[PDB]
Amino acid sequence: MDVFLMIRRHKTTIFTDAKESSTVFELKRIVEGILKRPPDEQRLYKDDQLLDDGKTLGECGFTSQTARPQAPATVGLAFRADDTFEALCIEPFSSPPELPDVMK
Amino acid sequence: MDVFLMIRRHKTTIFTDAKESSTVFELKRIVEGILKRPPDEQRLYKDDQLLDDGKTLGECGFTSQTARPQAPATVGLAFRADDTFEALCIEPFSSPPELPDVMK
Amino acid sequence: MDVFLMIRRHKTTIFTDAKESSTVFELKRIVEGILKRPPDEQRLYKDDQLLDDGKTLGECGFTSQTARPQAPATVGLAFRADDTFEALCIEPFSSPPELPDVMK
Amino acid sequence: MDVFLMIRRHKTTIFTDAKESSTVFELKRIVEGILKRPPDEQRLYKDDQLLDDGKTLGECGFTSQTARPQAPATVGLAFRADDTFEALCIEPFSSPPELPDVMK
Amino acid sequence: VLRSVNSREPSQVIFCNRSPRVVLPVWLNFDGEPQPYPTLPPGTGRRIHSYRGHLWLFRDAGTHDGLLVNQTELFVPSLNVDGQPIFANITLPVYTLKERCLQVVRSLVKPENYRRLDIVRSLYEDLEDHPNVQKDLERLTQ
Amino acid sequence: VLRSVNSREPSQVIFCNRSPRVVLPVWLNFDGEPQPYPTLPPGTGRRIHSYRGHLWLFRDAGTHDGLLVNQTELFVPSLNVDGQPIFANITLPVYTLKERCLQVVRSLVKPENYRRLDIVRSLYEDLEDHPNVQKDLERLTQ
Amino acid sequence: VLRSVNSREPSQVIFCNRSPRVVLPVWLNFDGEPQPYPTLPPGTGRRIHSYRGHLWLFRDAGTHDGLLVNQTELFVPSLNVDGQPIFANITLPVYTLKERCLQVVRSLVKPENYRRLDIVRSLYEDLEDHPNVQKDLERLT
Amino acid sequence: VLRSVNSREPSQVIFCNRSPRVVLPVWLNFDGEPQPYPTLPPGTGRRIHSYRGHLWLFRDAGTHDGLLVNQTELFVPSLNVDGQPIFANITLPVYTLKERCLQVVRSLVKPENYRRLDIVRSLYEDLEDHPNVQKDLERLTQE
Amino acid sequence: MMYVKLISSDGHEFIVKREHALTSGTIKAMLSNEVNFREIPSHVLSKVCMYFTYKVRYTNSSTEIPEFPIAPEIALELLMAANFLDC
Amino acid sequence: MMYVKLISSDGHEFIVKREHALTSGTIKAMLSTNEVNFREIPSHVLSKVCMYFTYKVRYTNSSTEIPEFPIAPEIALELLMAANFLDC
Amino acid sequence: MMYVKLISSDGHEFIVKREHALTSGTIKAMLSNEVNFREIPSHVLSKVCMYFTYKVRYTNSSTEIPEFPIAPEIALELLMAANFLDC
Amino acid sequence: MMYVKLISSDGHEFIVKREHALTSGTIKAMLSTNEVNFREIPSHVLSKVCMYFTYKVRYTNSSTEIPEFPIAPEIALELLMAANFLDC
Ligand SMILES: Cc1cc(-c2scnc2C)ccc1[C@H](C)NC(=O)[C@@H]1C[C@@H](O)CN1C(=O)[C@@H](NC(=O)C1(F)CC1)C(C)(C)C
Ligand SMILES: Cc1cc(-c2scnc2C)ccc1[C@H](C)NC(=O)[C@@H]1C[C@@H](O)CN1C(=O)[C@@H](NC(=O)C1(F)CC1)C(C)(C)C
Ligand SMILES: Cc1cc(-c2scnc2C)ccc1[C@H](C)NC(=O)[C@@H]1C[C@@H](O)CN1C(=O)[C@@H](NC(=O)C1(F)CC1)C(C)(C)C
Ligand SMILES: Cc1cc(-c2scnc2C)ccc1[C@H](C)NC(=O)[C@@H]1C[C@@H](O)CN1C(=O)[C@@H](NC(=O)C1(F)CC1)C(C)(C)C
């Protein structure tokens, strides 16, 4: 099964897909190819929960029917500043304007 | 296995447990026993996604290793006042104070 | 005479034995009993060459004197993701550090 | 790498540290937490050069070996008066008196 | 040009709505004129009687947006082999993002208030170009 | 009262740390005195040599918080049947919510600023009475 | 206890080194004292002359690592029926992984630089307790 | 009190100057008396021969300002393991702002003109209280 | 089963199993099906209500018990609540 | 794989697979570079643009039931203006 | 046959036969079908499993036993691993 | 963390981390507010004082080579008096 994911750190957002059977570490290897940081220096989160490298994406609740191409699931990312990992920070997107009157 | 959940509507928060094999409709039946509202007048949500009556909680991404007793998963609740369902509104919890200097 | 093999896929490594007279199919059955995936969904490799189900292990160059218990031979494993077979991926083992000075 | 900074606007001088890998926007978020003004109304300068949100402090020439704790680098700040951004004004510090004769 | 053939040879067909929209079946009569038939709610199916060589297309009942049947635009009933009916699978096309945005806005803004939206004049003309079957038939006819 | 007996009868034991804490193994000598032994990082295991009738307990290496071994406070190596070593499963106890909050606060505030926290005087005395092995030993004796 | 009988009965033996290691044949004397004999290169074999009731053991010549002879620890020449020599097959024991790891490290670190290794101090005492013939003889006793 | 022990057991030491100052090495004799030894320019190193149990401290050669050796005040040659010499890392201490300010003023003003500066008498007495080793040695002896 | 409601200072209403709530004898006394807690905000009672689930689940358990998580910003207020509730 | 970066007006950086981005011939031309800046499309709009890339690549040429592409009303006009400029 | 899973610190998963693994009483104790070793990297745990096969094959064998090969670069970590497992 | 403001004689407002300012025992007393006025310390001195706070926190208890704290001669006397009053 394919799952569709948003990997978010600060104002960085990676759009990628993987398998429901794929593990957290293989997903970190994808982050490594893009952001050039080893899996050793990465921590991935589902909401605030730290994800274990060995667990599969299905196990962490990323399923084909909640991780959809048109509405992917969000995975938080945190890097290691020198010796300490940074806190998980995901900048929200811009907020949209008010509905116009003709659309209300 | 067992999943541990917070069912959230406005300022109402229900603490309960269920099975990964349980369906969304059976979860609505427990809300019926507690909040005295029939399942037809209930809509359950994972974040912004509507949960369908027939699907299992595991399928909808609620797993025992993400829906934990010490950190349950949040399921949104929306009622029908007569013929129209309200929008999802989960009142935020209180905000903690800032830390004493002796503690920082 | 027995040959001793490492069946490797991603970060998965299976240690098992067979005979030179055994076929590639029978080996795929061992894998099925371990990883619970049927032979039609498996591809086995010696280095980069795909192994044919009907050929015996002796034919494909796995001999009792190169596939040793204390140094087994590596057989690649590739699964079929839904309808397409995945590429052969074998994660290397960790790398040992530099030799300490007193051992140089 | 740690970089040590004086962010100055008028007669306001903020002493803080950041990472050489941190971005200009994250510095604007730090000014926001201190002076309670959002980044949209902020403009940061290295001398007269406008700093772009996405670039890192190292890219903008703030390095751990030029932005030192005992001699930090100066980053100018200019706020937005509703629709127009103000000019960059850093008020100088007081001037020392003449060296007494016994020190000449 | 685009016409049904009066073959008089019956053919049973399953109209099957595999879309989230209410489907309007449209039959092209012997003069080429589109005739709407009963609608099918989302996820429903109906067994109907038609004939070999007849032309049918399918649209959204509320907006007349084009829909696909067996991954194509036109469906022609064939001969029922071994009594098995011909299966017509009505599905959503992969719309362009522009058309999908137009659909959402058309559903939100009254037609009188299109020219009041803050957009380029080109998109006001695009909003008024509501999908209609007769126009598209002439495009294929040309 | 609580002491190891010199059996001079060997018994091999697996120390298995199934907790997120660094574990300090403490052996009570024949005089009853606690002796600290090599620490074990989380998720690690060690095969060690001990004796029938010896007494062992386990604490957090950094804070001396109480830990459980085979779901109780004390562990006594028994017979290695068929040479198989005895298994010591070191886990977290289910702390009371009050004790667990004290643990977090102790880890965040230096002892000098305990009396600077805005609390009732009882809670200040509670933060200063941080876990101590000798104290727990005399409590179990009573 | 462990000594050789002065039986004065000749008995011919085939010392066969089926091991990757250079072998030291050790004969126990009448006083029970170990006496080492000419080494045997790996894969070689020699027809030697000994006597009935004499006790022999075999080790790595360079390291004194214990080796098995005829599946066991000690060899005793027996009666030459019909002129056949008694055969002694010197083989590698199945060392425990620790002893083989101790072997490899010993072969790589000088005895003075054991204490400079980044390992628990117990292992420092293990690396020095390298195999010893008189040590093994006392063990059996 | 603070004295070197006549052990007669040699010990080779690296005197490594990781400071911007010229370093004066001072050996405390078996009688407790400070003895000055050859100086080391900034960033230089010297291999010397001392003995186990001997006491050493380090000062600025021009001002006698206190310096650190292996993050402490006193250095005692220990046993050379595997023949490797012991490393003495002479570095700048983090001076208080007042003491560092006094250093700059002493370096710019002749002592004769101390009482001419426009400051409180307390700061004049502090400028005249230039760093001195025996003073510091009696202070550590009190400790 | 039976359910009880615990109402916080800021008005949040928590629906918990009755058996879980009586863990605290303080709450048991306040019942002998609804309780108001001034002084206790919702960000503290949430974790209390979670502690109950954690305690009932991992109490007397052979399966590996996880840390109970308490964030630093709320540790002090939860301590006082735990002191008052005796849990 | 190959990835490209799309930066919105408010500074958000969206990294998508290159093949998904080649859906838009506009983007493909704007790349032939591994980066494109959009000074008029905010992040609440550009995020949905990337979702459309994924949805299109996934469901194009499918017999399986394709789901609707979801667009919130609050973003309908700004996505429309973005889609007209990119013609996707 | 029955198989056991041995997971190293870096996440590698080694699946060995239960009979081969019961060689180490340490492992047998750790079983009474998966064991995680957060101190043993994969370049070590791999030869550990190689040792399991070699021992089962050559125990009680008259045929010439070969040396168990150990590269110098890993000799120290396997020694530390072997001391704790006593195998 | 939390920041405090230190105001010089000339009106300049220096915002430093509170822990850094708490190094000076004199300032500690003046806070127990989030602001302090120094009617005798000009800006060219208080800024160098604030740099010294950063220098003290960064290099205290460090094995890495400590660099010199630089003081220009023209400010040495005024910094000296300020350091005497602030006891840092
Ligand atoms: C009434 C009806 C509703 C539905 C539908 S659709 C969605 N929900 C529902 C219930 C589906 C079929 C029907 C009727 C039974 N079926 C037709 O209307 C067929 C279809 C087309 O093929 C045209 N047609 C003829 O009957 C034509 N007659 C002929 O061609 C002949 F008599 C010469 C052979 C004409 C019209 C009389 C001109
Ligand atoms: C050094 C060591 C570290 C660890 C640990 S712990 C966590 N990581 C590691 C590596 C585990 C066992 C040991 C040593 C080998 N083992 C003991 O210390 C046993 C345990 C207890 O049972 C006491 N003990 C005796 O050996 C006692 N000996 C005796 O009682 C007799 F010889 C008369 C019978 C005394 C003490 C010598 C008095
Ligand atoms: C010199 C030699 C080297 C090798 C070996 S080994 C590996 N490569 C090579 C070439 C193999 C046999 C020999 C000589 C010919 N053989 C012995 O040394 C035997 C063996 C043991 O059984 C003791 N021994 C006696 O000759 C003893 N003599 C007697 O027992 C008597 F005279 C009373 C009967 C003593 C020692 C003289 C005390
Ligand atoms: C000449 C010299 C210069 C430097 C320095 S410093 C900065 N750049 C350089 C080149 C460093 C060591 C030395 C000489 C080789 N080294 C000593 O002077 C040692 C040091 C201390 O440990 C005292 N000392 C003894 O030799 C003492 N002798 C003894 O204690 C005994 F013979 C009884 C054992 C006395 C003094 C002769 C009494």
# chains A, B, ... in the order shown; residues from 1 in each chain; ligands from 1
>>> closest_atom_pairs(of="range 33-121 of chain E", to="range 20-34 of chain J", cutoff="12 Å", atoms="only C-alpha atoms", output="Markdown table")
| residue | atom | partner | partner_atom | distance |
| --- | --- | --- | --- | --- |
| E:96 | CA | J:24 | CA | 10.2 |
| E:97 | CA | J:24 | CA | 10.3 |
| E:98 | CA | J:24 | CA | 11.8 |
>>> interface_residues(of="chain A", to="chain J", cutoff="8 Å", atoms="only C-alpha atoms", output="list in words")
residues 11, 12, 13, 14, 15, 16, 34, 69, 70, 71, 72, 93, 94, 95, 96, 97, 98 and 99 of chain A
>>> residues_near_ligand(ligand="ligand 4", cutoff="8 Å", atoms="only C-alpha atoms and all ligand atoms", output="list in words")
residues 6, 7, 8, 9, 10, 15, 24, 25, 27, 29, 37, 38, 39, 40, 46, 47, 48, 49, 50, 51, 52, 54 and 55 of chain H
>>> residues_around(residues="residue 107 in chain F", least_positions_apart="6", cutoff="10 Å", atoms="only C-alpha atoms", output="list in words")
residues 103 of chain B; 62, 63 and 101 of chain F; 72 of chain I
>>> interface_residues(of="chain G", to="chain C", cutoff="12 Å", atoms="only C-alpha atoms", output="number ranges by chain")
G: 94, 97, 104-119
>>> write_last_selection(atoms="N, CA, C and O atoms", output="tab-separated table (two decimals), in the first residue's frame")
chain	number	residue	atom	x	y	z
G	94	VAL	N	36.22	-26.45	19.33
G	94	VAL	CA	35.28	-25.37	19.07
G	94	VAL	C	35.44	-24.36	20.20
G	94	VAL	O	34.75	-24.43	21.22
G	97	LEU	N	33.30	-18.13	21.63
G	97	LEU	CA	33.54	-16.87	20.93
G	97	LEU	C	34.41	-15.93	21.75
G	97	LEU	O	35.18	-15.15	21.19
G	104	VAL	N	42.47	-13.39	19.28
G	104	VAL	CA	42.76	-12.42	18.23
G	104	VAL	C	43.36	-11.15	18.81
G	104	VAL	O	44.36	-10.62	18.30
G	105	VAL	N	42.77	-10.65	19.90
G	105	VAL	CA	43.30	-9.45	20.56
G	105	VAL	C	44.69	-9.70	21.13
G	105	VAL	O	45.59	-8.86	20.98
G	106	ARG	N	44.90	-10.84	21.80
G	106	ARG	CA	46.23	-11.15	22.30
G	106	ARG	C	47.26	-11.14	21.18
G	106	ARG	O	48.38	-10.63	21.35
G	107	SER	N	46.90	-11.68	20.01
G	107	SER	CA	47.81	-11.73	18.88
G	107	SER	C	48.07	-10.36	18.27
G	107	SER	O	48.90	-10.25	17.37
G	108	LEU	N	47.38	-9.32	18.74
G	108	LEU	CA	47.45	-7.99	18.15
G	108	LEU	C	47.96	-6.92	19.11
G	108	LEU	O	48.59	-5.96	18.65
G	109	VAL	N	47.72	-7.06	20.41
G	109	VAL	CA	48.14	-6.08	21.41
G	109	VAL	C	49.32	-6.66	22.18
G	109	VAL	O	49.25	-7.79	22.68
G	110	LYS	N	50.39	-5.88	22.29
G	110	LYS	CA	51.50	-6.25	23.15
G	110	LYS	C	51.01	-6.38	24.59
G	110	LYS	O	50.07	-5.69	25.00
G	111	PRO	N	51.61	-7.28	25.38
G	111	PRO	CA	51.10	-7.51	26.75
G	111	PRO	C	51.11	-6.28	27.64
G	111	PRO	O	50.35	-6.25	28.62
G	112	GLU	N	51.92	-5.27	27.34
G	112	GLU	CA	51.94	-4.06	28.16
G	112	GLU	C	50.82	-3.10	27.80
G	112	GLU	O	50.41	-2.30	28.65
G	113	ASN	N	50.31	-3.15	26.57
G	113	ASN	CA	49.27	-2.24	26.11
G	113	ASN	C	47.86	-2.80	26.29
G	113	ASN	O	46.92	-2.22	25.75
G	114	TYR	N	47.70	-3.90	27.02
G	114	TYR	CA	46.36	-4.37	27.36
G	114	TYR	C	45.62	-3.31	28.16
G	114	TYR	O	44.45	-3.00	27.87
G	115	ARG	N	46.28	-2.72	29.16
G	115	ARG	CA	45.65	-1.74	30.04
G	115	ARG	C	45.33	-0.42	29.34
G	115	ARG	O	44.68	0.43	29.95
G	116	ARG	N	45.77	-0.23	28.10
G	116	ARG	CA	45.41	0.96	27.34
G	116	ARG	C	44.18	0.75	26.46
G	116	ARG	O	43.76	1.67	25.76
G	117	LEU	N	43.58	-0.44	26.50
G	117	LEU	CA	42.43	-0.75	25.67
G	117	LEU	C	41.15	-0.20	26.29
G	117	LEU	O	41.01	-0.13	27.52
G	118	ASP	N	40.21	0.19	25.43
G	118	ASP	CA	38.93	0.77	25.86
G	118	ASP	C	37.91	-0.34	26.10
G	118	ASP	O	36.98	-0.57	25.32
G	119	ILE	N	38.10	-1.02	27.23
G	119	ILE	CA	37.33	-2.21	27.58
G	119	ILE	C	37.27	-2.30	29.11
G	119	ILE	O	38.06	-1.67	29.81
>>> select_by_dssp(residues="chain L", states="strand (DSSP E)", output="list in words")
residues 3, 4, 5, 6, 7, 13, 14, 15, 16, 17, 35, 36 and 37 of chain L
>>> write_last_selection(atoms="N, CA and C atoms", output="short mmCIF file (atom, residue, chain, number, x, y, z; two decimals), in the first residue's frame")
data_model
loop_
_atom_site.label_atom_id
_atom_site.label_comp_id
_atom_site.auth_asym_id
_atom_site.auth_seq_id
_atom_site.Cartn_x
_atom_site.Cartn_y
_atom_site.Cartn_z
N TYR L 3 14.21 37.89 29.01
CA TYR L 3 15.11 38.99 28.73
C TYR L 3 14.81 40.17 29.65
N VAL L 4 15.86 40.90 29.98
CA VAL L 4 15.78 42.08 30.82
C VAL L 4 16.37 43.24 30.03
N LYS L 5 15.95 44.45 30.40
CA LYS L 5 16.42 45.67 29.76
C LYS L 5 17.29 46.45 30.73
N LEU L 6 18.45 46.89 30.25
CA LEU L 6 19.38 47.71 31.03
C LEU L 6 19.52 49.04 30.32
N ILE L 7 19.17 50.12 31.01
CA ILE L 7 19.15 51.45 30.42
C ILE L 7 20.33 52.25 30.93
N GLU L 13 18.87 51.43 25.38
CA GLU L 13 18.22 50.31 26.05
C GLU L 13 18.82 49.01 25.52
N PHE L 14 19.46 48.25 26.40
CA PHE L 14 20.14 47.01 26.04
C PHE L 14 19.33 45.84 26.59
N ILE L 15 18.91 44.94 25.69
CA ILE L 15 18.09 43.79 26.05
C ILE L 15 18.98 42.56 26.06
N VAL L 16 19.16 41.97 27.24
CA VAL L 16 20.01 40.80 27.42
C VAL L 16 19.19 39.69 28.05
N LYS L 17 19.69 38.47 27.89
CA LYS L 17 19.06 37.34 28.56
C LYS L 17 19.18 37.52 30.06
N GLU L 35 13.34 45.95 34.18
CA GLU L 35 14.11 47.07 33.65
C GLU L 35 14.94 47.71 34.76
N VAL L 36 16.11 48.21 34.39
CA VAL L 36 16.99 48.93 35.31
C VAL L 36 17.58 50.15 34.62
N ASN L 37 17.60 51.27 35.34
CA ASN L 37 18.28 52.50 34.94
C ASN L 37 19.59 52.70 35.70
#
>>> residues_around(residues="range 64-67 of chain K", least_positions_apart="3", cutoff="12 Å", atoms="only C-alpha atoms", output="number ranges by chain")
C: 65, 68-71; G: 16-21, 42-43, 67-71, 89-97, 100-101, 103-104; K: 51, 54-61, 70
>>> residues_near_ligand(ligand="ligand 2", cutoff="7 Å", atoms="only C-alpha atoms and all ligand atoms", output="list in words")
residues 6, 7, 8, 9, 25, 27, 37, 38, 39, 40, 46, 48, 49, 50, 51 and 54 of chain F
>>> residues_around(residues="range 33-40 of chain G", least_positions_apart="6", cutoff="9 Å", atoms="only C-alpha atoms", output="number ranges by chain")
G: 2-3, 15-17, 21-27, 46, 56, 61, 133-134
>>> residues_around(residues="residue 17 in chain F", least_positions_apart="2", cutoff="10 Å", atoms="only C-alpha atoms", output="PyMOL selection string")
chain F and resi 14-15+19-23+40-46+58+69+88-92
